[PDB]
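Structure first, commentary second.
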Amino acid sequence: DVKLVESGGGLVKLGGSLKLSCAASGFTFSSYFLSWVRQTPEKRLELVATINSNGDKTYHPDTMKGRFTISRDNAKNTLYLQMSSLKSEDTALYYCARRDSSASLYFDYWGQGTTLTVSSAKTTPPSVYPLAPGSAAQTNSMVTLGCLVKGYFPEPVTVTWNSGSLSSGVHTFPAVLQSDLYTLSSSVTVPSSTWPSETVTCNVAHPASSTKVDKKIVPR
Amino acid sequence: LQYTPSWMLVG
Amino acid sequence: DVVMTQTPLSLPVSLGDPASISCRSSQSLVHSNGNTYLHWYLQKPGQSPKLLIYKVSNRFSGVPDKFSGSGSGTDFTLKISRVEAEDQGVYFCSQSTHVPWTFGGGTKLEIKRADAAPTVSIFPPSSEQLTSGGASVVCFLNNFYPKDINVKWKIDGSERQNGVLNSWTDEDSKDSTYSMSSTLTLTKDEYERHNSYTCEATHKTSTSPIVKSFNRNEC
Numbered sequence: 301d302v303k304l305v306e307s308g309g310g311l312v313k314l315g316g317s318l319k320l321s322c323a324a325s326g327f328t329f330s331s332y333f334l335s336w337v338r339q340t341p342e343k344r345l346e347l348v349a350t351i352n353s354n355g356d357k358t359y360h361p362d363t364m365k366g367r368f369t370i371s372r373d374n375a376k377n378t379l380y381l382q383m384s385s386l387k388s389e390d391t392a393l394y395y396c397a398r399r400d401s402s403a404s405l406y407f408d409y410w411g412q413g414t415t416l417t418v419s420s421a422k423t424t425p426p427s428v429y430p431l432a433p434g435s436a437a438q439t440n441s442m443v444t445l446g447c448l449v450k451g452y453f454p455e456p457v458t459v460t461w462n463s464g465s466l467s468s469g470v471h472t473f474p475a476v477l478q479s480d481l482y483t484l485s486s487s488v489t490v491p492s493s494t495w496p497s498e499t500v501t502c503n504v505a506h507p508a509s510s511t512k513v514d515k516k517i518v519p520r
Numbered sequence: 602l603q604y605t606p607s608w609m610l611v612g
Numbered sequence: 001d002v003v004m005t006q007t008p009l010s011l012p013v014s015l016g017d018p019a020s021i022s023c024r025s026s027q028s029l030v031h032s033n034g035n036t037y038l039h040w041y042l043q044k045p046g047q048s049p050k051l052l053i054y055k056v057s058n059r060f061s062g063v064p065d066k067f068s069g070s071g072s073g074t075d076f077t078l079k080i081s082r083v084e085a086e087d088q089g090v091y092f093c094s095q096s097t098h099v100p101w102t103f104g105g106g107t108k109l110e111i112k113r114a115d116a117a118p119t120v121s122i123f124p125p126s127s128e129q130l131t132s133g134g135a136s137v138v139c140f141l142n143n144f145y146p147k148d149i150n151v152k153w154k155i156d157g158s159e160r161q162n163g164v165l166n167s168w169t170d171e172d173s174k175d176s177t178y179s180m181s182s183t184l185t186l187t188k189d190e191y192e193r194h195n196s197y198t199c200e201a202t203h204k205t206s207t208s209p210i211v212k213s214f215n216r217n218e219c
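Going down the list, the protein sequences come from chains H, P and L. So for the first sequence, the entry's author numbering puts the first residue at 301; every next one is plus one. So for the second sequence, the entry's author numbering puts the first residue at 602; every next one is plus one. So for the third sequence, the entry's author numbering puts the first residue at 1; every next one is plus one.
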């Protein structure tokens, strides 16, 4: 089949540089145009660069201009993208992409894409804080508790209640940048009889920094 | 404005 | 370059129903060659987009007949006759008439279900946290539908002190509901110099904002 494969993503310091590859099997590379497109962490748009066959012609919008530079090696079935003064707004999933040959100007084949994160953040473990309701939390039947897993880097973190014995009623909000560092929450809902009567503990782990933490939600 | 160029439309 | 504006940004549906996504470029899309380079792509949770339709209304090899597209110049429409589960994801219209090529904000097909009110809970900052000199006040808006919702933070009856980060869970696979959390971070100091803290929300499902609140001096 037609299969393009992006690679070389990872973490880079700001203003840094990095070279993404895109290997293209299952077809005549020298024939097609290709591009790199990307998706903002908020899930968007994104044309970066485009190149002809036996690449003597290239296009880069004006924004990308200077930070990004496309190239190919028909002699080798590989397209690339040299990046150079990475801003953090460049963090995104990088797709490799093939143009239909009928020139109808649309991409018929995409790769899985490489991830890229531009942060100068250093590996920081997170601070965990329990979240007791203090105020009722609906002394109805359900009573919600949470864990605020705060300011750590890089992603990802893992959180569980009662070692995983707690699966129901548990939400875990996707992370967000609190400055240059991640913050995330996790919530659990349990029957009023259940707590404070019985223990409820949030487990947190952040392998990039060798952290495991348990935090007991004791009433206040 | 900036329609798409001749090249790119080649093939 | 041209702003591809899609509508609506979110679309709730029951399988079997059918839908229409609009897409509206800023400048016109007729290229100086009569071709109209407007396409449609689908992105499935976790995959690369896949082209559905090109040149306004040309089905791509293997795109079921339920799908069809039409339009002229600036306005365009994607239509789906009976939605299958397979049809759910984010849909995008790109254009290629003008360089650089652009894509729309995307449009989301999501399951329709009954309206559901959110369960709100607010939490005072932990002592652990204070000890550190930061103070985070959290508010959980749980399991509610539909998606739209708003949340205001008051402090001593006024609206917020800056560090509000919101966060959304995606639509849930079991009960099709949504959830969100909002956190207001403050210094320990500005925290200690105010007593009432308000998490306030509005969602159609209530004529009036739902309000969870708590005073600092009395836990």
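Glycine included, each C-beta is placed from N, C-alpha and C at the ideal position.
Q | Same chain only: Cβ atoms within 8 Å of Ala117/L, ignoring 5 sequence neighbours per side | A | Stepping through the third sequence from its first residue, residue 117/L is reached at position 117. Correct list, in chain order: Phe144, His203, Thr205, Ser206 and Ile210.
Q) Cα-Cα, which of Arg520/H, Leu416/H and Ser487/H is closest to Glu306/H? A) Numbered from its first residue, the first sequence carries residue 306/H at position 6. The residue from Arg520/H, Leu416/H and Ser487/H with its alpha-carbon nearest to that of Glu306/H is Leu416/H.
Q | Neighbour list for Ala375/H in chain P, Cβ cutoff strictly below 9 Å | A | By one-based count along the first sequence, residue 375/H stands at place 75. None at all; the shortest Cβ gap to chain P is about 21 Å.
**Q.** chain P contacts from the segment 81–99 of chain L (Cβ-Cβ distance under 7 Å)
**A.** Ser96, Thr97, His98 and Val99
**Q.** Within chain P, the residues that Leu405/H reaches when beta carbons sit closer than 8 Å
**A.** In the first sequence, residue 405/H corresponds to position 105, counting from 1. Those are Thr605, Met609 and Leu610, listed as they occur along chain P.
Q: Give me whichever residues DSSP pairs with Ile149/L in a beta bridge.
A: As a position in the third sequence, residue 149/L is number 149, starting the count at 1. None; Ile149/L has no bridge partner.
(Q) Taking the straight line between their C-alpha atoms, what separation do you get for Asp172/L and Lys108/L? (A) Translated into positions along the third sequence, residue 172/L becomes position 172. Translated into positions along the third sequence, residue 108/L becomes position 108. Distance between the alpha carbons of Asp172/L and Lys108/L is about 14 Å.
Q | First and last residue of the uninterrupted alpha helix (DSSP H) at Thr131/L | A | One-based indexing of the third sequence puts residue 131/L at position 131. Per DSSP, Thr131/L belongs to the alpha helix (DSSP H) from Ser127 to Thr131.
Q: Specify whether the segment 364–372 of chain H and the segment 117–133 of chain L touch according to this definition: at least 3 beta carbon pairs, one from each stretch, less than 8 Å apart.
A: no
Q: Per DSSP, which residues does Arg338/H bridge with? Please list them.
A: For this step, residue 338/H is matched to residue 38 along the first sequence. Answer is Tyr394/H.
(Q) Excluding the 5 residues flanking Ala505/H on each side, which residues of the same chain have their C-beta closer than 6 Å to its C-beta? (A) In the first sequence, residue 505/H corresponds to position 205, counting from 1. Excluding residues within five positions, the ones whose Cβ falls inside 6 Å are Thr458 and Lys512.
Q: Would you check if the distance between the CB atom of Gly434/H and the CB atom of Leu481/H is smaller than 8 Å?
A: Along the first sequence, one-based indexing puts residue 434/H at 134. Along the first sequence, one-based indexing puts residue 481/H at 181. Going by C-beta atoms, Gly434/H is not nearer than 8 Å to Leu481/H.
Q. So with Cβ pairs under 8 Å, would you call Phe453/H a contact of chain L?
A. The sequence position of residue 453/H within the first sequence is 153, counting from 1. Judged by the 8 Å Cβ criterion, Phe453/H is not in contact with chain L.
Q) Should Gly71/L go down as buried or exposed, given a rule of 16 or more other Cβ atoms within 10 Å for buried? A) Numbered from its first residue, the third sequence carries residue 71/L at position 71. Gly71/L comes out buried.
Q) Is the beta carbon of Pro125/L sitting closer than 8 Å to the one on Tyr191/L? A) On the third sequence, position 125 is the one that residue 125/L refers to. On the third sequence, position 191 is the one that residue 191/L refers to. Result yes, Cβ atoms of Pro125/L and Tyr191/L sit closer than 8 Å.
Q: Spatial neighbours of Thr5/L within its chain, please: CB distance less than 6 Å, with the 5 preceding and 5 following residues excluded, ordered by chain position.
A: As a working mapping, residue 5/L is identified with position 5 in the third sequence. Listed in chain order, the non-local C-beta contacts of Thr5/L below 6 Å within the same chain comprise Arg24, local neighbours out to five positions each way being set aside.
Q.
Using a Cβ-Cβ distance cut-off of 8 Å, determine whether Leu345/H contacts chain L.
A. Numbered from its first residue, the first sequence carries residue 345/H at position 45. Cβ-Cβ to chain L under 8 Å: yes for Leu345/H.
Q) Within 8 Å (strictly less), CB to CB, does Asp1/L reach chain C? A) Going by chain labels, chain C is absent from the structure shown, which instead holds the protein chains H, P and L.
Q) For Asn354/H, which of helix, strand or coil comes out of DSSP? A) Indexing the first sequence from 1 puts residue 354/H at position 54. Three-state result, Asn354/H: helix.
Q: Write down every uninterrupted run of the beta strand (DSSP E) in the segment 24–69 of chain L whose length is 3 residues or greater and which is fully enclosed by it, in chain order.
A: DSSP runs (the beta strand (DSSP E)) wholly in the segment 24–69 of chain L: 38–43 and 50–54.
**Q.** chain P residues whose Cβ lies nearer than 7 Å to that of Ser32/L
**A.** Taking the first residue of the third sequence as 1, we reach residue 32/L at position 32. The contacting residues are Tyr604.
(Q) Tell me which residues share the same chain as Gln161/L and place their Cβ nearer than 7 Å to its Cβ, disregarding the 5 neighbours each side in the sequence. (A) Sequence index remark: in the third sequence, residue 161/L carries index 161 (1-based). Counting only Cβ-Cβ distances below 7 Å, and skipping sequence neighbours, we find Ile155, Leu184, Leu186 and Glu190.
Q.
Helix, strand or coil, according to DSSP, for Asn374/H in the structure here?
A. As a working mapping, residue 374/H is identified with position 74 in the first sequence. Residue state, collapsed to three classes: helix.
Q: Would you kindly check if the distance between the Cβ of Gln43/L and the Cβ of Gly89/L is under 8 Å?
A: Translated into positions along the third sequence, residue 89/L becomes position 89. Translated into positions along the third sequence, residue 43/L becomes position 43. In terms of Cβ geometry, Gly89/L and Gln43/L form a close pair [threshold 8 Å].
Q. Less than 8 Å separating the beta-carbons of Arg398/H and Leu484/H?
A. To locate residue 398/H, count along the first sequence from 1; it is residue 98. To locate residue 484/H, count along the first sequence from 1; it is residue 184. With respect to the 8 Å criterion, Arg398/H and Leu484/H are not classified as neighbours on the basis of their beta carbons.
Q: Would you please state the rounded distance, in angstroms, between the beta carbons of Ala432/H and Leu445/H? I believe it to be under 8 Å.
A: On the first sequence, position 132 is the one that residue 432/H refers to. On the first sequence, position 145 is the one that residue 445/H refers to. At roughly 7 Å, the Cβ-Cβ gap stays under 8 Å, so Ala432/H and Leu445/H are in contact.
(Q) For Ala375/H, count the other beta carbons within 10 Å of its own beta carbon; 16 or more makes it buried, fewer makes it exposed. Which is it? (A) Counted from its first residue, the first sequence places residue 375/H at position 75. Under this definition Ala375/H is an exposed residue.
Q: Output the boundary residues of the alpha helix (DSSP H) element that contains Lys188/L.
A: As a working note, residue 188/L is residue 188 in the third sequence. Unbroken alpha helix (DSSP H) run through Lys188/L: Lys188 to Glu192.
Q.
Can you tell me whether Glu346/H is buried or exposed? The criterion is at least 16 other CB atoms within 10 Å of its CB, across all chains shown.
A. As a working note, residue 346/H is residue 46 in the first sequence. Classification of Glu346/H: buried, given that the 10 Å Cβ count is 16 or more.
Q: Return helix, strand or coil for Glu200/L, following the three-state DSSP convention.
A: Indexing the third sequence from 1 puts residue 200/L at position 200. Three-state DSSP puts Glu200/L in a strand.
Q) Where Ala323/H and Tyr394/H are concerned, what is the direct C-alpha to C-alpha distance, given to the nearest angstrom? A) The sequence position of residue 323/H within the first sequence is 23, counting from 1. The sequence position of residue 394/H within the first sequence is 94, counting from 1. So the two alpha carbons sit approximately 13 Å from each other.
**Q.** Where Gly89/L falls: helix, strand or coil (DSSP)
**A.** Taking the first residue of the third sequence as 1, we reach residue 89/L at position 89. The answer is coil: DSSP assigns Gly89/L none of H, G, I, E or B.
Q | Rounded C-alpha distance that separates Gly355/H from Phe329/H | A | Sequence index remark: in the first sequence, residue 355/H carries index 55 (1-based). Sequence index remark: in the first sequence, residue 329/H carries index 29 (1-based). About 11 Å.
Q. What are the residues that DSSP puts in a beta bridge with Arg399/H?
A. By one-based count along the first sequence, residue 399/H stands at place 99. According to DSSP, which records beta bridges pairwise, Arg399/H is partnered with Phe407/H.
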